[PDB]
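Asker: Sharing entry.cif, mmCIF, C-alpha atoms and all ligand atoms:
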data_entry
#
loop_
_atom_site.group_PDB
_atom_site.id
_atom_site.type_symbol
_atom_site.label_atom_id
_atom_site.label_comp_id
_atom_site.auth_asym_id
_atom_site.auth_seq_id
_atom_site.Cartn_x
_atom_site.Cartn_y
_atom_site.Cartn_z
ATOM 1 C CA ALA A 1 -11.636 15.454 -9.884
ATOM 2 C CA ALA A 2 -8.086 16.708 -10.381
ATOM 3 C CA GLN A 3 -5.385 17.508 -7.837
ATOM 4 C CA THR A 4 -2.825 19.903 -9.309
ATOM 5 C CA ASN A 5 0.856 19.810 -8.285
ATOM 6 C CA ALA A 6 0.356 16.358 -6.838
ATOM 7 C CA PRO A 7 3.169 14.128 -5.563
ATOM 8 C CA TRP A 8 4.639 12.407 -8.605
ATOM 9 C CA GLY A 9 3.433 8.940 -7.599
ATOM 10 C CA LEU A 10 -0.223 9.975 -7.508
ATOM 11 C CA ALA A 11 0.145 11.648 -10.904
ATOM 12 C CA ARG A 12 1.862 8.533 -12.286
ATOM 13 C CA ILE A 13 -0.963 6.160 -11.352
ATOM 14 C CA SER A 14 -3.491 8.320 -13.259
ATOM 15 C CA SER A 15 -1.397 8.741 -16.440
ATOM 16 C CA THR A 16 -0.177 6.644 -19.344
ATOM 17 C CA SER A 17 3.121 8.561 -19.436
ATOM 18 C CA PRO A 18 5.683 9.692 -16.862
ATOM 19 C CA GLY A 19 6.388 13.317 -16.081
ATOM 20 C CA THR A 20 2.898 14.679 -15.394
ATOM 21 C CA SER A 21 1.923 16.574 -12.244
ATOM 22 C CA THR A 22 -1.890 16.245 -11.978
ATOM 23 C CA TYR A 23 -3.672 13.383 -10.180
ATOM 24 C CA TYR A 24 -6.999 12.626 -11.907
ATOM 25 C CA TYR A 25 -9.505 10.575 -9.908
ATOM 26 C CA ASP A 26 -13.207 9.934 -9.400
ATOM 27 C CA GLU A 27 -14.849 12.064 -6.679
ATOM 28 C CA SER A 28 -16.033 8.943 -4.792
ATOM 29 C CA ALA A 29 -12.395 8.592 -3.658
ATOM 30 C CA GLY A 30 -12.756 5.294 -1.816
ATOM 31 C CA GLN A 31 -15.691 6.371 0.360
ATOM 32 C CA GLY A 32 -17.270 3.358 2.022
ATOM 33 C CA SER A 33 -14.118 1.202 1.894
ATOM 34 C CA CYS A 34 -11.748 0.444 4.778
ATOM 35 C CA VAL A 35 -7.966 -0.013 4.764
ATOM 36 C CA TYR A 36 -6.052 -1.598 7.642
ATOM 37 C CA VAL A 37 -2.446 -0.374 7.846
ATOM 38 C CA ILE A 38 -0.458 -3.046 9.691
ATOM 39 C CA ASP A 39 2.726 -1.249 10.694
ATOM 40 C CA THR A 40 4.243 0.980 13.440
ATOM 41 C CA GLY A 41 0.904 2.721 14.082
ATOM 42 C CA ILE A 42 -0.776 5.838 12.711
ATOM 43 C CA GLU A 43 -0.690 9.376 14.093
ATOM 44 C CA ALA A 44 -4.470 9.609 13.814
ATOM 45 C CA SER A 45 -4.553 13.251 14.954
ATOM 46 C CA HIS A 46 -2.612 14.426 11.875
ATOM 47 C CA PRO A 47 -4.788 17.081 10.142
ATOM 48 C CA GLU A 48 -4.262 15.308 6.803
ATOM 49 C CA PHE A 49 -6.411 12.372 7.913
ATOM 50 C CA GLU A 50 -9.457 14.617 8.615
ATOM 51 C CA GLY A 51 -10.698 12.363 11.415
ATOM 52 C CA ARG A 52 -10.836 9.315 9.109
ATOM 53 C CA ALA A 53 -8.035 7.388 10.882
ATOM 54 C CA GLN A 54 -8.063 5.475 14.140
ATOM 55 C CA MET A 55 -5.935 2.958 16.000
ATOM 56 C CA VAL A 56 -7.784 -0.267 16.706
ATOM 57 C CA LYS A 57 -5.053 -2.535 18.133
ATOM 58 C CA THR A 58 -1.512 -2.428 19.497
ATOM 59 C CA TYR A 59 0.867 -5.187 20.569
ATOM 60 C CA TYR A 60 3.112 -2.848 22.579
ATOM 61 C CA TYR A 61 2.809 -0.474 25.529
ATOM 62 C CA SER A 62 1.230 2.349 23.512
ATOM 63 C CA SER A 63 -0.765 2.698 20.326
ATOM 64 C CA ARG A 64 1.244 5.758 19.290
ATOM 65 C CA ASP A 65 3.436 5.744 16.182
ATOM 66 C CA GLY A 66 6.822 6.636 17.637
ATOM 67 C CA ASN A 67 8.614 5.869 14.366
ATOM 68 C CA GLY A 68 6.830 7.538 11.428
ATOM 69 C CA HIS A 69 6.816 4.628 8.950
ATOM 70 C CA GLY A 70 3.196 3.622 9.568
ATOM 71 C CA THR A 71 1.975 7.226 9.402
ATOM 72 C CA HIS A 72 3.786 7.678 6.063
ATOM 73 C CA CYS A 73 2.227 4.536 4.581
ATOM 74 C CA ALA A 74 -1.248 5.445 5.856
ATOM 75 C CA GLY A 75 -0.859 8.881 4.268
ATOM 76 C CA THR A 76 -0.200 7.360 0.844
ATOM 77 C CA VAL A 77 -3.334 5.221 1.238
ATOM 78 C CA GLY A 78 -5.726 7.903 2.338
ATOM 79 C CA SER A 79 -4.517 11.339 3.422
ATOM 80 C CA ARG A 80 -6.142 14.373 1.807
ATOM 81 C CA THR A 81 -3.041 15.723 0.047
ATOM 82 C CA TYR A 82 -0.831 12.640 -0.272
ATOM 83 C CA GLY A 83 -3.349 9.790 -0.576
ATOM 84 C CA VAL A 84 -4.724 7.667 -3.403
ATOM 85 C CA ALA A 85 -8.159 7.080 -1.825
ATOM 86 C CA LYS A 86 -8.878 10.409 -0.167
ATOM 87 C CA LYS A 87 -12.185 9.428 1.505
ATOM 88 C CA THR A 88 -11.409 5.906 2.754
ATOM 89 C CA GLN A 89 -11.449 4.909 6.416
ATOM 90 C CA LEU A 90 -8.058 3.991 7.899
ATOM 91 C CA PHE A 91 -7.540 1.514 10.759
ATOM 92 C CA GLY A 92 -4.128 1.173 12.417
ATOM 93 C CA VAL A 93 -2.719 -2.073 13.815
ATOM 94 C CA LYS A 94 0.646 -1.621 15.561
ATOM 95 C CA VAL A 95 2.629 -4.844 15.060
ATOM 96 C CA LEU A 96 6.030 -3.087 14.750
ATOM 97 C CA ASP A 97 7.816 -1.341 17.594
ATOM 98 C CA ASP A 98 9.056 2.257 17.404
ATOM 99 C CA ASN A 99 12.351 1.062 15.923
ATOM 100 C CA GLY A 100 10.442 -0.541 13.055
ATOM 101 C CA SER A 101 11.002 -4.125 14.232
ATOM 102 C CA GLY A 102 8.684 -6.934 15.238
ATOM 103 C CA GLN A 103 8.680 -10.679 15.811
ATOM 104 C CA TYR A 104 6.916 -12.955 13.368
ATOM 105 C CA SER A 105 4.505 -14.225 16.052
ATOM 106 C CA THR A 106 3.234 -10.665 16.583
ATOM 107 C CA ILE A 107 2.902 -9.953 12.866
ATOM 108 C CA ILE A 108 0.893 -13.172 12.468
ATOM 109 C CA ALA A 109 -1.362 -12.231 15.389
ATOM 110 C CA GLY A 110 -2.059 -8.840 13.805
ATOM 111 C CA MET A 111 -3.060 -10.499 10.528
ATOM 112 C CA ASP A 112 -5.471 -12.868 12.289
ATOM 113 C CA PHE A 113 -6.806 -9.885 14.260
ATOM 114 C CA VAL A 114 -7.776 -8.020 11.064
ATOM 115 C CA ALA A 115 -9.566 -11.071 9.647
ATOM 116 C CA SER A 116 -11.842 -11.075 12.700
ATOM 117 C CA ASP A 117 -12.099 -7.343 13.415
ATOM 118 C CA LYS A 118 -13.445 -6.494 9.945
ATOM 119 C CA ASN A 119 -16.651 -8.327 10.881
ATOM 120 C CA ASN A 120 -17.325 -5.579 13.495
ATOM 121 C CA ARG A 121 -16.816 -2.614 11.127
ATOM 122 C CA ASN A 122 -19.089 -0.892 8.638
ATOM 123 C CA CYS A 123 -17.171 -1.198 5.343
ATOM 124 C CA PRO A 124 -19.879 -1.644 2.697
ATOM 125 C CA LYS A 125 -17.529 -1.285 -0.284
ATOM 126 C CA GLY A 126 -14.924 -3.748 1.040
ATOM 127 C CA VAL A 127 -11.768 -4.163 3.097
ATOM 128 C CA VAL A 128 -8.040 -3.836 2.232
ATOM 129 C CA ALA A 129 -4.921 -4.582 4.292
ATOM 130 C CA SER A 130 -1.563 -2.955 3.537
ATOM 131 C CA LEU A 131 1.598 -4.723 4.818
ATOM 132 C CA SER A 132 4.761 -2.672 4.249
ATOM 133 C CA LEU A 133 6.975 -5.139 6.096
ATOM 134 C CA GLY A 134 8.756 -8.432 5.716
ATOM 135 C CA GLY A 135 11.739 -10.570 6.471
ATOM 136 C CA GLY A 136 13.219 -13.932 5.607
ATOM 137 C CA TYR A 137 11.057 -16.773 4.314
ATOM 138 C CA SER A 138 8.599 -18.239 6.830
ATOM 139 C CA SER A 139 5.845 -20.651 5.862
ATOM 140 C CA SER A 140 3.838 -19.591 8.931
ATOM 141 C CA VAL A 141 3.934 -15.913 7.960
ATOM 142 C CA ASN A 142 2.923 -16.813 4.406
ATOM 143 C CA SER A 143 0.056 -18.913 5.729
ATOM 144 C CA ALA A 144 -1.207 -16.025 7.860
ATOM 145 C CA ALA A 145 -1.278 -13.738 4.813
ATOM 146 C CA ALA A 146 -3.122 -16.405 2.790
ATOM 147 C CA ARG A 147 -5.690 -16.728 5.603
ATOM 148 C CA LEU A 148 -6.287 -12.974 5.667
ATOM 149 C CA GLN A 149 -6.829 -12.922 1.896
ATOM 150 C CA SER A 150 -9.139 -15.965 2.082
ATOM 151 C CA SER A 151 -11.242 -14.246 4.764
ATOM 152 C CA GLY A 152 -12.304 -11.592 2.220
ATOM 153 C CA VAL A 153 -9.639 -8.883 2.580
ATOM 154 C CA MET A 154 -7.525 -7.548 -0.292
ATOM 155 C CA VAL A 155 -3.959 -8.072 0.985
ATOM 156 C CA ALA A 156 -1.141 -5.978 -0.513
ATOM 157 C CA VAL A 157 2.430 -6.689 0.640
ATOM 158 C CA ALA A 158 5.832 -5.157 -0.067
ATOM 159 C CA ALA A 159 8.227 -7.141 -2.252
ATOM 160 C CA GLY A 160 11.252 -6.100 -0.144
ATOM 161 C CA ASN A 161 14.315 -3.891 -0.639
ATOM 162 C CA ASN A 162 17.221 -6.331 -1.228
ATOM 163 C CA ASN A 163 17.512 -6.137 -5.051
ATOM 164 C CA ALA A 164 16.928 -9.894 -4.957
ATOM 165 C CA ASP A 165 14.340 -12.522 -5.860
ATOM 166 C CA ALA A 166 11.331 -12.043 -3.586
ATOM 167 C CA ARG A 167 10.853 -15.839 -3.369
ATOM 168 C CA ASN A 168 13.138 -15.823 -0.314
ATOM 169 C CA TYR A 169 11.130 -13.270 1.702
ATOM 170 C CA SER A 170 7.820 -13.311 3.576
ATOM 171 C CA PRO A 171 5.000 -12.479 3.222
ATOM 172 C CA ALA A 172 6.216 -11.302 -0.219
ATOM 173 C CA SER A 173 6.537 -14.896 -1.448
ATOM 174 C CA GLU A 174 2.932 -15.958 -0.664
ATOM 175 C CA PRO A 175 1.362 -16.370 -4.132
ATOM 176 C CA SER A 176 -2.246 -15.634 -3.163
ATOM 177 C CA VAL A 177 -1.691 -12.036 -2.001
ATOM 178 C CA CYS A 178 -0.688 -8.986 -4.078
ATOM 179 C CA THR A 179 3.094 -8.523 -4.024
ATOM 180 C CA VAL A 180 4.208 -5.001 -4.961
ATOM 181 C CA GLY A 181 7.559 -3.833 -6.365
ATOM 182 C CA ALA A 182 8.800 -0.227 -6.575
ATOM 183 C CA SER A 183 9.487 2.142 -9.486
ATOM 184 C CA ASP A 184 10.966 5.654 -9.728
ATOM 185 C CA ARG A 185 9.759 8.809 -11.472
ATOM 186 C CA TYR A 186 11.619 7.960 -14.719
ATOM 187 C CA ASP A 187 9.842 4.573 -14.988
ATOM 188 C CA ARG A 188 12.867 2.539 -13.887
ATOM 189 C CA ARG A 189 12.626 -0.288 -11.398
ATOM 190 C CA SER A 190 13.797 1.224 -8.122
ATOM 191 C CA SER A 191 17.409 0.213 -7.600
ATOM 192 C CA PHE A 192 16.572 -1.519 -4.283
ATOM 193 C CA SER A 193 13.358 -3.241 -5.392
ATOM 194 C CA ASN A 194 13.101 -7.009 -5.196
ATOM 195 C CA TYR A 195 11.907 -8.778 -8.356
ATOM 196 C CA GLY A 196 10.941 -12.252 -9.545
ATOM 197 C CA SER A 197 7.999 -14.313 -10.725
ATOM 198 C CA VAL A 198 6.015 -13.795 -7.497
ATOM 199 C CA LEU A 199 5.659 -10.048 -8.095
ATOM 200 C CA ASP A 200 2.183 -9.043 -9.252
ATOM 201 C CA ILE A 201 2.516 -5.314 -9.917
ATOM 202 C CA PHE A 202 4.774 -2.266 -9.554
ATOM 203 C CA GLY A 203 3.900 1.060 -7.965
ATOM 204 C CA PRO A 204 5.753 4.308 -7.239
ATOM 205 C CA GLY A 205 8.361 3.759 -4.523
ATOM 206 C CA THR A 206 11.303 6.188 -4.841
ATOM 207 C CA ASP A 207 11.122 9.674 -3.265
ATOM 208 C CA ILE A 208 7.515 9.486 -2.056
ATOM 209 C CA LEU A 209 6.167 12.502 -0.126
ATOM 210 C CA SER A 210 3.616 11.692 2.583
ATOM 211 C CA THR A 211 2.593 12.362 6.199
ATOM 212 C CA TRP A 212 5.001 11.951 9.128
ATOM 213 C CA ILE A 213 4.734 12.104 12.907
ATOM 214 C CA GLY A 214 4.645 15.424 14.709
ATOM 215 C CA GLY A 215 2.106 16.695 12.186
ATOM 216 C CA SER A 216 4.831 16.897 9.539
ATOM 217 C CA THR A 217 5.677 15.501 6.085
ATOM 218 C CA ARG A 218 8.722 13.892 4.529
ATOM 219 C CA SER A 219 9.905 11.988 1.461
ATOM 220 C CA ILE A 220 11.310 8.458 1.803
ATOM 221 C CA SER A 221 11.858 5.456 -0.465
ATOM 222 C CA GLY A 222 11.064 1.751 -0.397
ATOM 223 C CA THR A 223 8.772 -0.997 -1.554
ATOM 224 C CA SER A 224 7.018 0.032 1.684
ATOM 225 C CA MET A 225 5.931 3.170 -0.216
ATOM 226 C CA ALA A 226 4.801 1.351 -3.342
ATOM 227 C CA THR A 227 2.502 -1.018 -1.428
ATOM 228 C CA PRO A 228 0.078 1.671 -0.108
ATOM 229 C CA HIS A 229 -0.327 3.076 -3.631
ATOM 230 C CA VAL A 230 -1.697 -0.328 -4.660
ATOM 231 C CA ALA A 231 -3.729 -0.766 -1.438
ATOM 232 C CA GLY A 232 -5.309 2.653 -1.936
ATOM 233 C CA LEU A 233 -5.968 1.934 -5.618
ATOM 234 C CA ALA A 234 -7.754 -1.283 -4.656
ATOM 235 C CA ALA A 235 -9.998 0.568 -2.178
ATOM 236 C CA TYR A 236 -10.717 3.184 -4.858
ATOM 237 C CA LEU A 237 -11.658 0.554 -7.442
ATOM 238 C CA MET A 238 -13.787 -1.451 -4.991
ATOM 239 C CA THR A 239 -15.800 1.687 -4.137
ATOM 240 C CA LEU A 240 -16.416 2.194 -7.882
ATOM 241 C CA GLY A 241 -17.669 -1.402 -8.112
ATOM 242 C CA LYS A 242 -15.107 -2.447 -10.725
ATOM 243 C CA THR A 243 -13.717 -5.348 -8.696
ATOM 244 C CA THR A 244 -13.912 -7.228 -5.387
ATOM 245 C CA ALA A 245 -11.366 -8.080 -2.698
ATOM 246 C CA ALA A 246 -10.865 -11.563 -4.151
ATOM 247 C CA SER A 247 -10.048 -10.352 -7.670
ATOM 248 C CA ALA A 248 -8.641 -6.842 -7.169
ATOM 249 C CA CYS A 249 -4.978 -7.796 -7.622
ATOM 250 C CA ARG A 250 -5.752 -9.541 -10.911
ATOM 251 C CA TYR A 251 -7.935 -6.609 -12.036
ATOM 252 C CA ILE A 252 -5.135 -4.138 -11.247
ATOM 253 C CA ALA A 253 -2.702 -6.298 -13.264
ATOM 254 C CA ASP A 254 -5.153 -6.642 -16.182
ATOM 255 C CA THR A 255 -5.679 -2.864 -16.403
ATOM 256 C CA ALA A 256 -2.079 -1.786 -15.664
ATOM 257 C CA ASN A 257 0.223 0.167 -17.928
ATOM 258 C CA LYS A 258 2.122 -2.610 -19.724
ATOM 259 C CA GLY A 259 5.762 -2.631 -20.840
ATOM 260 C CA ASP A 260 6.675 0.925 -19.787
ATOM 261 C CA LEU A 261 9.225 0.121 -17.061
ATOM 262 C CA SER A 262 12.962 -0.283 -17.607
ATOM 263 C CA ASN A 263 15.500 -2.498 -15.778
ATOM 264 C CA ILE A 264 12.972 -5.305 -15.297
ATOM 265 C CA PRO A 265 14.698 -8.736 -15.289
ATOM 266 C CA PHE A 266 13.361 -11.420 -17.603
ATOM 267 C CA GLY A 267 10.609 -13.364 -15.831
ATOM 268 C CA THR A 268 9.312 -10.404 -13.803
ATOM 269 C CA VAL A 269 6.085 -8.674 -14.849
ATOM 270 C CA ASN A 270 6.360 -5.264 -16.511
ATOM 271 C CA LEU A 271 3.129 -3.814 -15.094
ATOM 272 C CA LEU A 272 2.586 -0.413 -13.455
ATOM 273 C CA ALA A 273 -0.552 0.336 -11.412
ATOM 274 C CA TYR A 274 -2.999 2.583 -13.303
ATOM 275 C CA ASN A 275 -6.471 3.857 -12.388
ATOM 276 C CA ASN A 276 -7.792 4.209 -15.989
ATOM 277 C CA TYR A 277 -9.668 7.401 -15.081
ATOM 278 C CA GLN A 278 -11.595 9.062 -17.911
ATOM 279 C CA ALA A 279 -13.377 12.340 -17.205
HETATM 280 CA CA CA B 1 0.178 -12.888 -6.140
#
Now, as a test, write the supplied structure out as structure tokens.
Answerer:
Amino acid sequence: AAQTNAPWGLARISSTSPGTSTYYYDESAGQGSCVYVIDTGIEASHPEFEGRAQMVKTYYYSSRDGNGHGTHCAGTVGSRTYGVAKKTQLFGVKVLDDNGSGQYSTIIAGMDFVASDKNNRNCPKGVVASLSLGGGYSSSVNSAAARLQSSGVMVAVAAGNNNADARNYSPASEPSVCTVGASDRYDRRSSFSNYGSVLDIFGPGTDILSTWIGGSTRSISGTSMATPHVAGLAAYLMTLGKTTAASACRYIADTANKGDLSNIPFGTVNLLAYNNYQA
């Protein structure tokens, strides 16, 4: 399949060179996989989700996304026009309030919730969790992410937006999950992206068009935008049978475009997510 005039980040993950505009992908499109978006919520009624999104848990008064961040991330995972895995199922867990903030105890509870809830869902091709959030180092938050991964869920987390070493941030610094940095459309490390030895992979993160609340769209930037590209790619590859939840991050790194990014500090991987699609 081919989507013409795609957002640049979708085109980039299906190409060996920057500057293309077509997203090439297998028709299966993540069907049979499930992605939990652990964030401010998801506007499940947005036409771009085609009925494939639902809220399953909130830690606040409502399950509605009053912010937009979670709806944007979910759209990059799995919306029709803006998504990597256009036929995946999306589950929303609202651990962040409508200002985009949340306490660590709530974020941990949402992680443990997903590890249990997946056992009640029909996800024959596997389960992914996308965490576009973080803060200062916490061993408890890292341990919760490690537990989720151990339980059989592919965990992708944002590296953070401080132009610093991600070792000082959580859950970015947990080695056993997939920590995602951000790049821009000219194959530079995004100027805000964290770096360091704990990063596993880069994905598109600057000027990313996706869904927004009120049935709208908008373009924003962050490692929060790179993470759902990698979460969606994992769901896509699991549906194709190329990898499993336990080994998807390593498979994505093994098959990435290598050495194409600029402004990568020594000791950080130079790897850009790539779907290896051949018609
Ligand atoms: Ca890792």
Asker: Select from chain A every residue with an atom at most 7 Å from any atom of ligand CA 1 (chain B), then for each give the shortest pair of atoms and their distance in Å to one decimal, using all atoms listed in the file, rows by chain and rising number, as a Markdown table.
Answerer:
| residue | atom | partner | partner_atom | distance |
| --- | --- | --- | --- | --- |
| A:174 | CA | B:CA1 | CA | 6.9 |
| A:175 | CA | B:CA1 | CA | 4.2 |
| A:176 | CA | B:CA1 | CA | 4.7 |
| A:177 | CA | B:CA1 | CA | 4.6 |
| A:178 | CA | B:CA1 | CA | 4.5 |
| A:179 | CA | B:CA1 | CA | 5.7 |
| A:198 | CA | B:CA1 | CA | 6.1 |
| A:199 | CA | B:CA1 | CA | 6.5 |
| A:200 | CA | B:CA1 | CA | 5.3 |
Asker: I need the residues from that last selection saved to file as a short mmCIF file (atom, residue, chain, number, x, y, z; two decimals), in the frame of the given file (with C-alpha atoms), if you can.
Answerer:
data_model
loop_
_atom_site.label_atom_id
_atom_site.label_comp_id
_atom_site.auth_asym_id
_atom_site.auth_seq_id
_atom_site.Cartn_x
_atom_site.Cartn_y
_atom_site.Cartn_z
CA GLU A 174 2.93 -15.96 -0.66
CA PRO A 175 1.36 -16.37 -4.13
CA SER A 176 -2.25 -15.63 -3.16
CA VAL A 177 -1.69 -12.04 -2.00
CA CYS A 178 -0.69 -8.99 -4.08
CA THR A 179 3.09 -8.52 -4.02
CA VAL A 198 6.02 -13.80 -7.50
CA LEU A 199 5.66 -10.05 -8.10
CA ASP A 200 2.18 -9.04 -9.25
#
Asker: Give the answer as one residue: which of A:162, A:223, A:58, A:183 has the shortest atom-to-atom distance to residue 38 of chain A, using only C-alpha atoms?
Answerer: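 Among the listed residues, the smallest separation from residue 38 of chain A belongs to A:58.
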Asker: Specify as a list in words each residue included when the PyMOL selection byres (((chain A and resi 4-21) around 7) and not hetatm) is applied to this file.
Answerer: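 Applying the PyMOL selection byres (((chain A and resi 4-21) around 7) and not hetatm) to the structure shown produces residues 2, 3, 22, 23, 24, 82, 84, 185, 186, 187, 204, 208, 209, 257, 273, 274, 275, 276 and 277 of chain A.
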Asker: Applied to this file, what does the PyMOL selection byres (((chain A and resi 56) around 6) and not hetatm) return in terms of residues, put as a list in words?
Answerer: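 In the shown coordinates, the PyMOL selection byres (((chain A and resi 56) around 6) and not hetatm) covers residues 55, 57 and 92 of chain A.
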Asker: Those residues with C-alpha atoms, as a PDB file, in the coordinates of the input please?
Answerer:
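Output file out_6.pdb is given in full below:
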ATOM      1  CA  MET A  55      -5.935   2.958  16.000  1.00  0.00           C
ATOM      2  CA  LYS A  57      -5.053  -2.535  18.133  1.00  0.00           C
ATOM      3  CA  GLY A  92      -4.128   1.173  12.417  1.00  0.00           C
TER       4      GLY A  92
END
Asker: Separation of atom CA of residue 115 of chain A and atom CA of residue 235 of chain A, in Å?
Answerer: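 Atom CA of residue 235 of chain A lies 16.6 Å from atom CA of residue 115 of chain A.
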Asker: Let me know the residues the PyMOL selection byres (((chain A and resi 240) around 9) and not hetatm) catches in the file above, as an NGL selection string.
Answerer: :A and (26 or 28-30 or 125 or 235-239 or 241-243)
Asker: Excluding segment 130-139 of chain A and any residue of its chain fewer than 6 positions from it, enumerate the residues within 6 Å of it, using all atoms listed in the file, and give them as a compact mmCIF listing (two decimals) with C-alpha atoms, in the coordinates of the input.
Answerer:
# COMPACT_ATOMS: atom_id res chain seq x y z
CA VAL A 37 -2.45 -0.37 7.85
CA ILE A 38 -0.46 -3.05 9.69
CA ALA A 156 -1.14 -5.98 -0.51
CA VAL A 157 2.43 -6.69 0.64
CA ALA A 158 5.83 -5.16 -0.07
CA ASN A 168 13.14 -15.82 -0.31
CA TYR A 169 11.13 -13.27 1.70
CA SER A 170 7.82 -13.31 3.58
CA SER A 224 7.02 0.03 1.68
CA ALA A 231 -3.73 -0.77 -1.44
Asker: Atom CA of residue 212 of chain A to atom CA of residue 193 of chain A: how many Å, to one decimal?
Answerer: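 We find that atom CA of residue 212 of chain A and atom CA of residue 193 of chain A lie 22.6 Å from each other.
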Asker: Show me as an MDAnalysis selection string the residues that reach within 8 Å of (-12.4, 5.3, 2.1), counting all atoms listed in the file and using the file's own coordinates.
Answerer: chainID A and resid 29:35 78 85:90 235:236 239
Asker: Counting all atoms listed in the file, figure out which residue out of A:143, A:206, A:122, A:227 gets nearest to residue 70 of chain A.
Answerer: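 Closest candidate: A:227.
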Asker: Please measure the separation of atom CA of residue 203 of chain A and atom CA of residue 268 of chain A, giving the value in Å to one decimal.
Answerer: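 One can read the atom CA of residue 203 of chain A to atom CA of residue 268 of chain A distance as 14.0 Å.
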Asker: Closest to residue 244 of chain A among A:259, A:228, A:126, A:267, using only C-alpha atoms?
Answerer: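 Nearest to residue 244 of chain A: A:126.
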Asker: Pick out the closest residue to residue 159 of chain A from this set: A:123, A:271, A:129, A:201. Count all atoms listed in the file.
Answerer: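 The answer is A:201, which sits nearest to residue 159 of chain A.
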Asker: I need the residue nearest residue 165 of chain A from this list: A:121, A:104, A:266, A:195. Use only C-alpha atoms for the distance.
Answerer: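 When distances to residue 165 of chain A are compared using only C-alpha atoms, the smallest one comes from A:195.
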Asker: Calculated over only C-alpha atoms, which of the candidates A:197, A:40, A:105, A:247 has the smallest distance to residue 154 of chain A?
Answerer: A:247
